[PDB]
Every structure is written in structure tokens, then in C-alpha cells.
Amino acid sequence: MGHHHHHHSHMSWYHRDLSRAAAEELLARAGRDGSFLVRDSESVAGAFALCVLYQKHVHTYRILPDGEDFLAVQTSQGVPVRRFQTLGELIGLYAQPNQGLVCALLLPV
């Protein structure tokens, strides 16, 4: 008896309005390792940031266009870096072990 299930049933890991304090805290409190989300960089040079939790260790990454239009993530130098046209490609690729990621991108929370 009753039918109540609204739409907009999405977490959305992309927030240009969260900040590292509440982003890293979102991962640490909600918790389930392989936790990731893409936040606003605090100015820097017009970049994006990716905060990832794994076993009491939050590593926060930057994600820069650079000086063209392509979104590169610096995991390491010797590691072959990939430039993405969308944040979706970023999340999908780094969901796989690369060499540099603390655990790879398992789930937002």
C-alpha cells in the first residue's frame, strides 16, 4: 500500500562547491574504501581535483587542462599519462589499476 520513489536518484561525485575539508571528510565519515569524488580546485590555474580514500589514507590529486583543452592527471612521470576530453573517461580509466593510484577508483561512496 503506497508508491513513493522519487527521481534524481544520483549521488553525483562532481561538486565545484564542496571544498577539501568537507570532501575528504565526506569520504572519511561515509567510508567504503576506493572512495572517490571530483571537487573544485582552490583556484590553482583553473583545474579540477580528485580526492580518493583507502585504509585511513586520503590522497588528493589535481587534474589540469594545462594550456590547450585536454584534462591530464599526474599520477607519476614515468607512468604513461592520459589526457581526457571528459571527467567520465578519467573515472573509467582510473577505476583500473594504473601504477600510482592508492587502490584505483572502486566507488564514490
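Coordinates for the structure precede this section.
With respect to helix α2 (residues 87-94)
What α2 keeps buried is the set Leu87, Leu90, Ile91 and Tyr94. Angularly, the buried residues of α2 cover 90 degrees about the axis, an arc narrow enough to put them on a single face.

Quick word on the nonpolar core
One broad rule of soluble globular proteins: the nonpolar side chains tend to lie buried together. Counting residues in hydrophobic clusters, the biggest one holds 15 residues, and the most contacted among them are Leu50, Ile63, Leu90, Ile91, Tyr94 and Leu105. If you list the elements that add at least two residues to this core, you get β2 (35-40), β3 (48-53), β4 (58-64), β5 (71-73) and α2. Ranked by the residues each element gives to this core, the list is headed by α2, at 4 residues. In contact with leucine 50, other than residues within four places in its own chain, are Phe36, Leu37, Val38, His59, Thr60, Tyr61, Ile63, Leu90, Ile91 and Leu105. Among the nonpolar cores identified, the runner-up in size contains 6 residues, and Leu27, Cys51, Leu53 and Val109 belong to it.

A word on the pairing of β2
Burial of β2 is extensive: 6 of the 6 residues sit out of reach of the surface. In this sheet, β2 lies alongside strand β1 (residues 14-15) in parallel orientation, the contact comprising 2 bridges. Within β2, the residue paired with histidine 15 across the bridge is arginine 39. Crossover connection from β1 via helix α1 (residues 20-30) to parallel β2: handedness right-handed. With 6 bridges joining them, β2 and β3 adopt antiparallel strand pairing. Within the sheet, the bridge partner assigned to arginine 39 lies in β3 and is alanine 49.

Re unusual backbone geometry
One non-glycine residue, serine 12, adopts positive backbone phi at about 60 degrees. By the element assignment, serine 12 lies in the segment before β1.

Quick look at the side chain of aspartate 40
Tracing the chain through its elements places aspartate 40 in strand β2. When its relative accessible area of 18% is taken as the criterion, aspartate 40 is described as buried. In this structure the side chain of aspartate 40 is engaged in a polar contact, spanning 3.3 Å, whose partner is the backbone nitrogen of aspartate 17. A polar contact is formed between the side chain of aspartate 40 and the backbone nitrogen of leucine 18, at a distance of 3.2 Å. When residues no more than four places from it in sequence are discounted, the contact partners of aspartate 40 are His15, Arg16, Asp17, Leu18, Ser19 and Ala49.

Let's talk about the packing of aromatic side chains
Under the counting rule described, the total for this entry stands at 2 aromatic pairs. Judged by centre distance (5.7 Å) and plane angle (75 degrees), the ring pair of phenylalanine 84 and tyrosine 94 falls under edge-to-face. Of this pair, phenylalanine 84 sits in strand β6 (residues 83-84) while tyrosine 94 sits in helix α2; the two residues are 10 residues apart in sequence, bridging distant segments of the chain. Given the relative accessible area of 4%, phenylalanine 84 is considered buried. Taking the relative accessible area as the measure of exposure, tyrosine 94 reaches 2% and is therefore buried. The ring centre of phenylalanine 70 lies 3.7 Å from the NZ or CZ of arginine 83, which sits over that ring.

Criteria and thresholds
Residues numbered from 1 in each chain as written, not as in the entry; some residues may be left out. Heavy atoms only, no water. Buried < 20%, exposed > 50% of the residue type's maximum accessible area, 1.4 Å probe, protein only. Helix = DSSP H or I, 4+ residues; strand = E, 2+ residues; numbered from the N terminus. Arc of directions from axis to C-beta. Core = buried A, V, L, I, M, F, W, Y, C linked by side-chain atoms within 4.5 Å. Contact = heavy atoms within 4.5 Å. Pairing = 2+ DSSP bridges. Right-handed = clockwise from strand over helix to strand, strands pointing away. Polar contact = N/O pair within 3.5 Å; in protein donor to acceptor, adjacent residues only side chain to side chain. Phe/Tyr/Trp six-rings, centres within 6.5 Å; stacked < 30°, edge-to-face > 60°. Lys NZ or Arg CZ within 6 Å of the ring centre and 35° of its normal.

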